[PDB]
Amino acid sequence: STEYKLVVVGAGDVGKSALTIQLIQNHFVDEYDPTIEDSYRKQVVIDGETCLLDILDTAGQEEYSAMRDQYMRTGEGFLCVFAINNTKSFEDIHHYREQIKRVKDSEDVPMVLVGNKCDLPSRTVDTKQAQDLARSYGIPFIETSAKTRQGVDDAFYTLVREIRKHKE
Ligand SMILES: C=CC(=O)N1CCN2c3nc(OC[C@@H]4C[C@@H](F)CN4C)nc4cc(-c5nc(N)cc(C)c5C(F)(F)F)c(Cl)c(c34)OC[C@@H]2C1
Ligand SMILES: Nc1nc2c(ncn2[C@@H]2O[C@H](COP(=O)(O)OP(=O)(O)O)[C@@H](O)[C@H]2O)c(=O)[nH]1
Ligand SMILES: [Cl-]
Ligand SMILES: [Cl-]
Ligand SMILES: [Cl-]
Ligand SMILES: [Mg+2]
């Protein structure tokens, strides 16, 4: 099987830890420690190929030492996560993409835009608004809901396909 190192980036409280557990453990955690950054592993099948994933749930203080960049440079794909009910988290996407392009030293890094918390009624970030931003980036965009499993597995598998295309 092929290994894929994934990194989940995004502002705080957007659902990175909830999305990560919903894919690994297949259940929703409504209150995970926001200061905890850990790595998870699970082997799934993606369009026939068996894929072993190592997903990094990022958290903690924003810091750009050579050790941190080198550790973040090990990620092959990135999930830039925002909340459809938090405008600021959607404006901070340009920050994470810019920092990912810097440490990876490339302008075509495999990544997928994630609009989490789509199960909530009041939405402030429009769907087509985030869709045109991902179209400008040239990256996929998927709306997910860690509570209802909606698109969770879809968002993660789409990122592995972007890595597959970039590799070949
Ligand atoms: C609860 C809190 C929480 O979970 N949080 C909040 C802090 N938060 C991060 N907030 C920021 O800005 C925040 C604001 C917004 C913008 F205005 C600039 N900042 C003032 N920037 C972060 C940057 C990185 C980071 N660092 C590197 N060395 C290299 C790369 C390639 C990255 C990557 F990949 F991420 F880009 C990482 Cl790992 C972060 C960041 O961890 C995630 C945590 C998640
Ligand atoms: N309604 C709803 N709430 C969510 C969802 N995902 C996360 N949350 C809530 O957002 C809060 C923080 O989520 P968290 O997993 O810590 O995201 P993170 O801080 O960015 O890593 C939690 O109290 C969750 O209840 C979702 O899909 N739907
Ligand atoms: Cl499973
Ligand atoms: Cl950091
Ligand atoms: Cl910098
Ligand atoms: Mg978290």
# chains A, B, ... in the order shown; residues from 1 in each chain; ligands from 1
$ residues_around --residues "residue 47 of chain A" --least-positions-apart "4" --cutoff "10 Å" --atoms "only C-alpha atoms" --output "number ranges by chain"
A: 51, 157, 161
$ residues_near_ligand --ligand "ligand 2" --cutoff "8 Å" --atoms "only C-alpha atoms and all ligand atoms" --output "ChimeraX atom specification"
/A:10-19,28-34,57-59,81,116-120,144-149
$ select_by_dssp --residues "segment 6-157 of chain A" --states "helix (DSSP H, G or I)" --output "ChimeraX atom specification"
/A:16-24,66-73,87-91,93-104,127-137,152-157
$ select_by_dssp --residues "segment 50-150 of chain A" --states "strand (DSSP E or B)" --output "number ranges by chain"
A: 50-57, 77-83, 111-116, 141-143, 145, 150
$ write_last_selection --atoms "N, CA, C and O atoms" --output "mmCIF file, in the first residue's frame"
data_model
loop_
_atom_site.group_PDB
_atom_site.id
_atom_site.type_symbol
_atom_site.label_atom_id
_atom_site.label_comp_id
_atom_site.auth_asym_id
_atom_site.auth_seq_id
_atom_site.Cartn_x
_atom_site.Cartn_y
_atom_site.Cartn_z
ATOM 1 N N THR A 50 -5.265 0.744 -2.198
ATOM 2 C CA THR A 50 -5.256 0.767 -0.741
ATOM 3 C C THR A 50 -4.263 1.818 -0.264
ATOM 4 O O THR A 50 -3.082 1.775 -0.622
ATOM 5 N N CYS A 51 -4.736 2.763 0.541
ATOM 6 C CA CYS A 51 -3.947 3.914 0.949
ATOM 7 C C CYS A 51 -3.869 3.983 2.465
ATOM 8 O O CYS A 51 -4.897 3.964 3.147
ATOM 9 N N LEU A 52 -2.650 4.063 2.984
ATOM 10 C CA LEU A 52 -2.404 4.286 4.401
ATOM 11 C C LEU A 52 -2.156 5.772 4.610
ATOM 12 O O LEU A 52 -1.260 6.346 3.986
ATOM 13 N N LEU A 53 -2.949 6.389 5.477
ATOM 14 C CA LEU A 53 -2.901 7.825 5.704
ATOM 15 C C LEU A 53 -2.341 8.137 7.086
ATOM 16 O O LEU A 53 -2.646 7.453 8.065
ATOM 17 N N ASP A 54 -1.516 9.170 7.158
ATOM 18 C CA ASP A 54 -1.030 9.713 8.422
ATOM 19 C C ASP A 54 -1.464 11.173 8.454
ATOM 20 O O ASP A 54 -0.870 12.017 7.777
ATOM 21 N N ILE A 55 -2.499 11.471 9.232
ATOM 22 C CA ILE A 55 -3.132 12.784 9.241
ATOM 23 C C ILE A 55 -2.679 13.552 10.475
ATOM 24 O O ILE A 55 -2.738 13.035 11.596
ATOM 25 N N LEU A 56 -2.226 14.784 10.272
ATOM 26 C CA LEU A 56 -1.755 15.642 11.350
ATOM 27 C C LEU A 56 -2.824 16.680 11.666
ATOM 28 O O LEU A 56 -3.147 17.522 10.824
ATOM 29 N N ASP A 57 -3.378 16.611 12.870
ATOM 30 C CA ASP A 57 -4.356 17.585 13.344
ATOM 31 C C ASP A 57 -3.583 18.719 14.000
ATOM 32 O O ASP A 57 -3.114 18.591 15.133
ATOM 33 N N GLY A 77 -0.199 16.469 1.542
ATOM 34 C CA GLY A 77 -1.432 17.146 1.192
ATOM 35 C C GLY A 77 -1.961 17.909 2.386
ATOM 36 O O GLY A 77 -1.743 17.529 3.538
ATOM 37 N N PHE A 78 -2.668 18.997 2.097
ATOM 38 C CA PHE A 78 -3.170 19.883 3.136
ATOM 39 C C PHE A 78 -4.669 20.091 2.984
ATOM 40 O O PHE A 78 -5.168 20.310 1.878
ATOM 41 N N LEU A 79 -5.383 20.028 4.101
ATOM 42 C CA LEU A 79 -6.810 20.326 4.153
ATOM 43 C C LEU A 79 -6.976 21.681 4.836
ATOM 44 O O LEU A 79 -6.849 21.787 6.059
ATOM 45 N N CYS A 80 -7.266 22.713 4.047
ATOM 46 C CA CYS A 80 -7.506 24.054 4.572
ATOM 47 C C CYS A 80 -8.974 24.161 4.968
ATOM 48 O O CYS A 80 -9.853 24.252 4.105
ATOM 49 N N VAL A 81 -9.237 24.159 6.271
ATOM 50 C CA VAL A 81 -10.586 24.030 6.809
ATOM 51 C C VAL A 81 -11.049 25.381 7.334
ATOM 52 O O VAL A 81 -10.326 26.054 8.075
ATOM 53 N N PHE A 82 -12.262 25.769 6.957
ATOM 54 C CA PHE A 82 -12.935 26.924 7.523
ATOM 55 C C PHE A 82 -14.359 26.524 7.889
ATOM 56 O O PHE A 82 -14.853 25.470 7.483
ATOM 57 N N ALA A 83 -15.015 27.372 8.672
ATOM 58 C CA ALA A 83 -16.393 27.146 9.088
ATOM 59 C C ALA A 83 -17.321 28.053 8.290
ATOM 60 O O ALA A 83 -17.069 29.258 8.181
ATOM 61 N N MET A 111 -3.898 20.389 -2.283
ATOM 62 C CA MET A 111 -4.710 20.814 -1.155
ATOM 63 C C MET A 111 -6.164 20.898 -1.597
ATOM 64 O O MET A 111 -6.465 20.969 -2.790
ATOM 65 N N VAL A 112 -7.061 20.875 -0.615
ATOM 66 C CA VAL A 112 -8.501 20.878 -0.852
ATOM 67 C C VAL A 112 -9.152 21.856 0.118
ATOM 68 O O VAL A 112 -8.884 21.815 1.322
ATOM 69 N N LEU A 113 -9.997 22.740 -0.404
ATOM 70 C CA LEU A 113 -10.709 23.689 0.440
ATOM 71 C C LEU A 113 -11.905 23.002 1.079
ATOM 72 O O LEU A 113 -12.683 22.334 0.391
ATOM 73 N N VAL A 114 -12.059 23.178 2.388
ATOM 74 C CA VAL A 114 -13.072 22.476 3.168
ATOM 75 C C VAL A 114 -13.967 23.503 3.842
ATOM 76 O O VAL A 114 -13.486 24.346 4.609
ATOM 77 N N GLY A 115 -15.262 23.424 3.563
ATOM 78 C CA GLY A 115 -16.242 24.231 4.258
ATOM 79 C C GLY A 115 -17.009 23.422 5.280
ATOM 80 O O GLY A 115 -18.020 22.801 4.950
ATOM 81 N N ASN A 116 -16.540 23.420 6.522
ATOM 82 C CA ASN A 116 -17.102 22.566 7.552
ATOM 83 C C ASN A 116 -18.347 23.199 8.172
ATOM 84 O O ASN A 116 -18.671 24.366 7.942
ATOM 85 N N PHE A 141 -12.993 21.994 -3.819
ATOM 86 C CA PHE A 141 -13.699 22.544 -2.672
ATOM 87 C C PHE A 141 -14.833 21.603 -2.305
ATOM 88 O O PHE A 141 -15.598 21.184 -3.179
ATOM 89 N N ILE A 142 -14.935 21.266 -1.023
ATOM 90 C CA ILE A 142 -15.980 20.379 -0.528
ATOM 91 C C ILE A 142 -16.495 20.928 0.793
ATOM 92 O O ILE A 142 -15.713 21.384 1.634
ATOM 93 N N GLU A 143 -17.811 20.890 0.973
ATOM 94 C CA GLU A 143 -18.437 21.244 2.238
ATOM 95 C C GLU A 143 -18.670 19.976 3.046
ATOM 96 O O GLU A 143 -19.176 18.983 2.517
ATOM 97 N N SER A 145 -19.533 18.135 7.173
ATOM 98 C CA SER A 145 -20.221 18.267 8.456
ATOM 99 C C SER A 145 -19.714 17.135 9.344
ATOM 100 O O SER A 145 -20.103 15.974 9.175
ATOM 101 N N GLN A 150 -21.242 14.123 6.691
ATOM 102 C CA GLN A 150 -21.441 14.558 5.314
ATOM 103 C C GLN A 150 -20.132 15.017 4.692
ATOM 104 O O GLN A 150 -19.498 15.952 5.187
#
$ atom_distance --atom1 "atom 22 (C, counted along the ligand's line) of ligand 1" --atom2 "atom CA of residue 65 of chain A"
11.8 Å
$ residues_near_ligand --ligand "ligand 1" --cutoff "8 Å" --atoms "only C-alpha atoms and all ligand atoms" --output "JSON, numbers by chain"
{"A": [7, 9, 10, 11, 12, 13, 16, 34, 35, 58, 59, 60, 61, 62, 63, 64, 65, 66, 67, 68, 69, 70, 71, 72, 73, 78, 92, 95, 96, 97, 98, 99, 100, 101, 102, 103, 104]}
$ closest_atom_pairs --of "chain A" --to "ligand 3" --cutoff "10 Å" --atoms "only C-alpha atoms and all ligand atoms" --output "tab-separated table"
residue	atom	partner	partner_atom_place_in_ligand_line	distance
A:23	CA	ligand 3	1 (Cl)	8.1
A:24	CA	ligand 3	1 (Cl)	7.4
A:25	CA	ligand 3	1 (Cl)	7.9
A:26	CA	ligand 3	1 (Cl)	7.4
A:42	CA	ligand 3	1 (Cl)	8.2
A:43	CA	ligand 3	1 (Cl)	8.2
A:44	CA	ligand 3	1 (Cl)	6.9
A:45	CA	ligand 3	1 (Cl)	9.3
A:153	CA	ligand 3	1 (Cl)	10.0
$ write_last_selection --atoms "C-alpha atoms" --output "compact mmCIF listing (two decimals), in the first residue's frame"
# COMPACT_ATOMS: atom_id res chain seq x y z
CA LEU A 23 -12.86 9.99 9.51
CA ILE A 24 -10.63 7.85 11.75
CA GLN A 25 -13.09 6.80 14.48
CA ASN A 26 -16.29 7.47 12.49
CA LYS A 42 -5.83 4.63 9.15
CA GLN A 43 -5.67 2.61 5.93
CA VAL A 44 -8.56 3.21 3.53
CA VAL A 45 -9.34 2.33 -0.09
CA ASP A 153 -14.58 10.89 3.81
$ atom_distance --atom1 "atom 1 (Mg, counted along the ligand's line) of ligand 6" --atom2 "atom CA of residue 38 of chain A"
9.1 Å
$ closest_residue --among "A:122, A:138, A:91, A:107" --to "residue 162 of chain A" --atoms "only C-alpha atoms"
A:138
$ atom_distance --atom1 "atom CA of residue 159 of chain A" --atom2 "atom CA of residue 139 of chain A"
9.3 Å
$ closest_residue --among "A:48, A:140, A:110, A:121" --to "residue 6 of chain A" --atoms "only C-alpha atoms"
A:110
$ residues_around --residues "residue 86 of chain A" --least-positions-apart "5" --cutoff "9 Å" --atoms "only C-alpha atoms" --output "PyMOL selection string"
chain A and resi 14+123-125
$ closest_residue --among "A:37, A:108, A:154, A:84" --to "ligand 4" --atoms "only C-alpha atoms and all ligand atoms"
A:37
$ decode --residues "segment 4-21 of chain A" --atoms "N, CA, C and O atoms" --output "tab-separated table (two decimals), in the first residue's frame"
chain	number	residue	atom	x	y	z
A	4	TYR	N	0.39	8.19	2.64
A	4	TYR	CA	0.09	9.59	2.34
A	4	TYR	C	0.06	10.37	3.65
A	4	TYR	O	-0.75	10.06	4.53
A	5	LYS	N	0.92	11.37	3.77
A	5	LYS	CA	0.98	12.22	4.95
A	5	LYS	C	0.08	13.43	4.72
A	5	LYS	O	0.36	14.26	3.86
A	6	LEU	N	-1.00	13.52	5.49
A	6	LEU	CA	-1.97	14.60	5.35
A	6	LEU	C	-1.87	15.55	6.53
A	6	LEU	O	-1.52	15.16	7.65
A	7	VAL	N	-2.18	16.82	6.27
A	7	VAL	CA	-2.13	17.87	7.28
A	7	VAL	C	-3.43	18.65	7.22
A	7	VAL	O	-3.85	19.06	6.13
A	8	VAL	N	-4.06	18.84	8.37
A	8	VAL	CA	-5.31	19.58	8.48
A	8	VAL	C	-4.99	20.94	9.08
A	8	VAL	O	-4.60	21.04	10.25
A	9	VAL	N	-5.15	22.00	8.28
A	9	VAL	CA	-4.86	23.36	8.71
A	9	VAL	C	-6.14	24.18	8.66
A	9	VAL	O	-7.09	23.86	7.95
A	10	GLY	N	-6.14	25.26	9.42
A	10	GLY	CA	-7.30	26.12	9.51
A	10	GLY	C	-7.36	26.80	10.86
A	10	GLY	O	-6.68	26.41	11.81
A	11	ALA	N	-8.18	27.84	10.93
A	11	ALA	CA	-8.32	28.60	12.16
A	11	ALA	C	-8.87	27.71	13.28
A	11	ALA	O	-9.30	26.58	13.07
A	12	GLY	N	-8.84	28.25	14.50
A	12	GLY	CA	-9.35	27.51	15.63
A	12	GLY	C	-10.86	27.47	15.65
A	12	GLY	O	-11.54	28.37	15.16
A	13	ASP	N	-11.40	26.39	16.22
A	13	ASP	CA	-12.83	26.17	16.40
A	13	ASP	C	-13.57	25.91	15.09
A	13	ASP	O	-14.81	25.93	15.07
A	14	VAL	N	-12.85	25.65	13.99
A	14	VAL	CA	-13.51	25.42	12.71
A	14	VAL	C	-13.94	23.96	12.56
A	14	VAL	O	-14.77	23.66	11.70
A	15	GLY	N	-13.39	23.05	13.35
A	15	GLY	CA	-13.73	21.65	13.28
A	15	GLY	C	-12.63	20.73	12.78
A	15	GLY	O	-12.95	19.64	12.29
A	16	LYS	N	-11.36	21.11	12.90
A	16	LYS	CA	-10.29	20.25	12.43
A	16	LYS	C	-10.23	18.96	13.23
A	16	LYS	O	-10.12	17.86	12.67
A	17	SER	N	-10.30	19.07	14.56
A	17	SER	CA	-10.23	17.88	15.39
A	17	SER	C	-11.48	17.03	15.23
A	17	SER	O	-11.40	15.79	15.24
A	18	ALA	N	-12.64	17.66	15.07
A	18	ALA	CA	-13.87	16.90	14.86
A	18	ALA	C	-13.85	16.18	13.52
A	18	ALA	O	-14.25	15.02	13.43
A	19	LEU	N	-13.38	16.86	12.47
A	19	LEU	CA	-13.32	16.22	11.15
A	19	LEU	C	-12.34	15.06	11.16
A	19	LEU	O	-12.58	14.04	10.51
A	20	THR	N	-11.23	15.20	11.88
A	20	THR	CA	-10.23	14.15	11.88
A	20	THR	C	-10.74	12.89	12.57
A	20	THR	O	-10.52	11.77	12.10
A	21	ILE	N	-11.45	13.06	13.70
A	21	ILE	CA	-11.97	11.90	14.41
A	21	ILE	C	-13.14	11.29	13.66
A	21	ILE	O	-13.34	10.07	13.70
